[PDB]
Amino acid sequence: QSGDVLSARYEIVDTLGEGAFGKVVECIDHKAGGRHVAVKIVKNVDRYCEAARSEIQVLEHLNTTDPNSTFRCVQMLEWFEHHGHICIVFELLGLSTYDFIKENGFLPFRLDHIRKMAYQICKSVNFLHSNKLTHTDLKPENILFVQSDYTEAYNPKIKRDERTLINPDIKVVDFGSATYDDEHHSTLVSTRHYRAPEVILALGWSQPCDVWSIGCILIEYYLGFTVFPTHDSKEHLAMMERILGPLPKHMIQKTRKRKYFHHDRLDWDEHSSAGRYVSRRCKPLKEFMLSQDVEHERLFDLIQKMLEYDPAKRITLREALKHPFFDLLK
């Protein structure tokens, strides 16, 4: 669809991203001096139409409450319909955090940048949580750099060139799944590797599922890879147990996902082929730390608090924003 023209002013020049919903494209704005915008073009399919309308209502609420994007939600500039596709025009951001890491060879972010990003993510999502919203689909693909310009230098340690962002500021995108406290809560939310245990066990969810997703994001920024390299629910829970310890009994008793359990324990054979795979790729959380200096301990203390199994016990984002991991910012 490059070359197509929307609402007689936006000419498509590139595809920025793709998803269940349709695509996001970069357009030239022929009515505003040729400067560039992003446009989300949604498939003409009911479920995606309805999510897009929902996104528009969230974005209108967020833009009215925070018109300057102090809390780092992507700014919608306008919206319209075009050949029965809903189109949402946004400020043009840079690469997703995912795409940046990928382009840098899966080299993790330096801890000082991770601190700034985590703070901004927590601040943004906490704004949502303060307004009776849960995002539900937090992942590196939905955290974008405001500007993804970088300087480069040779790193002798690893013996290759690496990219460092000039400005690591981020924004949070994709409010298509975002859910108000009083609305219908989908059965399954999140992308699997960022999905909380209460979701996997069908116990019900709310704001704390976002906090679990954030904990997973932060591990990935730190390591350059997921600690949950899985596409199977039961295996995912086995990975959780290796990394975090046994699931709480009360969650196991409450769940109706009985296929995953035997007696009141995860139905998992450690000596099976899948068991070896889990045992090889997963280990207690603090063993992933790359240094023992206090800054790293504090990141991991926050991460462990975000990956608390019981959503009632998990750290809230308001509590996270005061964590000592974040003092070097002040």
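Residue numbers run from 1 along the displayed sequence.
**Student:** Taking the recorded C-alpha temperature factors, which stretch has the higher mean, 147 to 155 or 189 to 197?
**Tutor:** In the deposited entry, the stretch with the higher C-alpha B-factor mean is 147 to 155.
**Student:** Tell me which stretch, 201 to 209 or 159 to 167, has the higher mean Cα B-factor listed in the entry.
**Tutor:** For C-alpha atoms only, the mean B-factor is higher in 159 to 167.
**Student:** Among the choices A38, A274, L285, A32, identify the one whose CA B-factor in the record is greatest.
**Tutor:** Among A38, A274, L285, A32, the PDB entry lists the largest C-alpha B-factor for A32.
**Student:** Taking the Cα B-factors listed in the entry, which of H231, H129, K259, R115 comes out highest?
**Tutor:** So the option with the highest C-alpha B-factor is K259.
**Student:** Comparing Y98 with the other modelled residues of its chain, is its CA B-factor in the lowest, middle or highest third?
**Tutor:** For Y98, the deposited C-alpha B-factor lands in the middle third.
**Student:** Comparing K254 with the other modelled residues of its chain, is its CA B-factor in the lowest, middle or highest third?
**Tutor:** Within its chain, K254 is a middle-third residue by C-alpha B-factor, going by the deposited values.
**Student:** When the deposited Cα B-factors of this chain's modelled residues are ordered and cut into thirds, is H83 in the lowest, the middle or the highest one?
**Tutor:** As the PDB entry reports it, the C-alpha B-factor of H83 lands in the highest third of its chain.
**Student:** What third of the chain, by the recorded C-alpha B-factor, contains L111?
**Tutor:** It falls in the top third of the chain.
**Student:** Split the chain's modelled residues into thirds by Cα B-factor; is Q75 in the lowest, middle or highest one?
**Tutor:** According to the entry, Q75 has a C-alpha B-factor in the chain's middle third.
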